[PDB]
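J.: Sharing a structure below in structure tokens format, with a few things to ask.
Values quoted throughout were computed directly from the atomic coordinates according to the rules given, and no laboratory measurement underlies them. Virtual Cβ from ideal backbone geometry, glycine too; neighbours counted across all protein chains shown.
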Amino acid sequence: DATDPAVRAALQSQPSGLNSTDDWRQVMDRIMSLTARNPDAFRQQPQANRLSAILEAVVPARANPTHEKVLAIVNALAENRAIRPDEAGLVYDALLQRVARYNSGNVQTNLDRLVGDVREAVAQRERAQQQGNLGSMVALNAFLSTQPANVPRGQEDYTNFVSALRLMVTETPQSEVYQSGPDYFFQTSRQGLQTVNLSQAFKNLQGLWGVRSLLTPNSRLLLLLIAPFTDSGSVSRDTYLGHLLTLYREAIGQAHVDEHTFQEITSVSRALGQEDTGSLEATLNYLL
Amino acid sequence: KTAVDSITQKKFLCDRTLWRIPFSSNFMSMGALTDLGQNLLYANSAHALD
């Protein structure tokens, strides 16, 4: 609701109190004293405050939804990055001017259809961010059209590797693939390091799938990122690519338990009393 | 017995030398590669010197 463009439009246009137009039932429960908490809080008002609320209740005042319907649209354009936040007042007066030149019963109905349409489109984008798959599956499958589907040797290792390659981009919503000129790439996160080169890695691994000092370090970076998404039976045991994928799974598991060992040794080296400079260097040389 | 009222001017001259300030935690030469040059603060991070 904090990211809802019509809840945010109600927090910027609608009053923060109980008027007798937007909240007719909640103020008639208070005029007629049938409220659970403090029923007699309306009898204790002056006639200027008490009779002016009765008149707005038995014959309520009409209002314009047009500034509220447009502000729900502007606050969804500013949320789906269609406009800048600095342009939020520029396009608000630009849209209010257009629905004033062309105001009709059709347009006010069409703004009522479009404020339900932008509630969906804000939520559809925020679902697509947390899923994180649609921008990557169409560009990884576009990569794999370029790569051949039949290697000469080790096709069993190759078709499970590229199936685990689809498992990184699916089971990590921040990861993405794209193109920049000839080659394609893979970032493990938005605005993060460890960017592998897919067109350079698969022109390096091609010719190494059945071999059983020769690897480019981005191919080894690819074999490090693909390692937690690869089973022991996904690739072979004797194959040099399969021998490394088991070796990189042990390196991740050792770096996962040297992380917990680091948090234990440095915790009991401060309380026991050591140099804080040398507690942090002798621990790494014990763990690396 | 007729000495004037005097003030003392002190100074030193130390020619031929360079004023060494060693980058060590106790200003001592315990080795050519000092203990602060090996420090993870000074060997992994980039610091400004002013």
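J.: Roughly how far apart, in whole Å, are the Cα centres of the stretch A:195-239 and the stretch A:8-84?
T.: Comparing the Cα centres of the stretch A:195-239 and the stretch A:8-84, I get a distance of 63 Å.
J.: Explain nothing, just compute: Karplus ³J(HN,Hα) = 6.51 cos²θ - 1.76 cosθ + 1.60, θ = phi - 60°, for every residue of the stretch A:124-133 in order, whole Hz, x for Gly and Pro.
T.: With the stated coefficients, the stretch A:124-133 comes to 5, 6, 6, 6, 6, 6, 6, 6, x, 10 Hz.
J.: Straight distance only, please: which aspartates and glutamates reach the Cα of residue A:203 with their own Cα at less than 19 Å, same-chain residues fewer than 8 apart left out?
T.: A:156, A:157, A:183
J.: Under the classification rounded if a/c is under 1.5, otherwise prolate if a/b is larger than b/c and oblate if not, where does the protein assembly as shown fall, given a ≥ b ≥ c as square roots of the Cα gyration tensor eigenvalues?
T.: It comes out oblate by the Cα gyration axes.
J.: Another question, if that's okay. Please give the FRET efficiency for residue A:262 paired with residue B:13, using the beta carbon to beta carbon distance and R0 = 41 Å, rounded to the nearest 0.05. Intermediate results must be reported in sequence, preceding the final value.
T.: On the way: r = 54 Å, r/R0 = 1.32.
After rounding to 0.05, the efficiency reads 0.15.
J.: Still on this structure, I have one more. If a/c stays under 1.5 just call it rounded; otherwise compare a/b with b/c (prolate if a/b is bigger, oblate if not). Do that for the stretch A:128-216, with a ≥ b ≥ c from the square roots of the Cα gyration tensor eigenvalues.
T.: It comes out prolate by the Cα gyration axes.
J.: Need the list of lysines near residue A:69 for cross-linking: C-alpha distance under 19 angstrom, and skip anything on the same chain fewer than eight residues off.
T.: Straight-line reach from residue A:69, under 19 Å: no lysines qualify.
J.: Give me B:5, A:183 sorted ascending by neighbouring Cβ count inside 10 Å, so fewest comes first.
T.: B:5, A:183
J.: Would you work out if the stretch A:1-131 is rounded, prolate or oblate? Take a ≥ b ≥ c from the square roots of the eigenvalues of the alpha-carbon gyration tensor; rounded if a/c is under 1.5, else prolate when a/b is larger than b/c, oblate otherwise.
T.: On the way: a/c = 2.81, a/b = 1.87, b/c = 1.50.
Prolate, since a/c reaches 1.5 and a/b exceeds b/c.
J.: Helix-only estimate, please: 222 nm mean residue ellipticity of chain A, summing -39500 (n - 2.57) across DSSP H runs of length 4 or more and dividing by its residues, to the nearest 500.
T.: The helix contribution divided over chain A gives -17000 deg cm²/dmol.
J.: Okay, moving on. Which Rg and Dmax, in Å, describe the Cα atoms of chain B?
T.: 21.3, 69
J.: If you keep only loop residues by DSSP, which trypsin sites (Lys or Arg not before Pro) in the stretch A:12-96 have at most 13 other Cβ atoms within 10 Å of their Cβ?
T.: Details: sites: A:25, A:30, A:37, A:43, A:50, A:62, A:69, A:81; in loops: A:37, A:43, A:62, A:81.
Of the trypsin sites (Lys or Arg not before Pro), the ones in loops of the stretch A:12-96 whose Cβ has at most 13 other Cβ atoms within 10 Å are A:37, A:43, A:62, A:81.
J.: Now for a separate question. Compute the whole-percent fraction of alpha carbon pairs in the stretch A:135-288 spaced more than 21 Å apart.
T.: Roughly 53 percent, once rounded to a whole number.
J.: May I pose another question? 5 Å is the cut-off here: which amide hydrogens, built 1.01 Å from N in the peptide plane, fall below it relative to residue A:186, excluding neighbours closer than 5 in sequence?
T.: A:196, A:198
J.: Continuing with this model, one more query. Can you work out the FRET efficiency for the pair residue A:10 and residue A:145, with r the C-beta to C-beta distance and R0 = 51 Å, to the nearest 0.05? Working shown, then result.
T.: On the way: r = 48 Å, r/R0 = 0.94.
So, using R0 = 51 Å, E works out to roughly 0.60.
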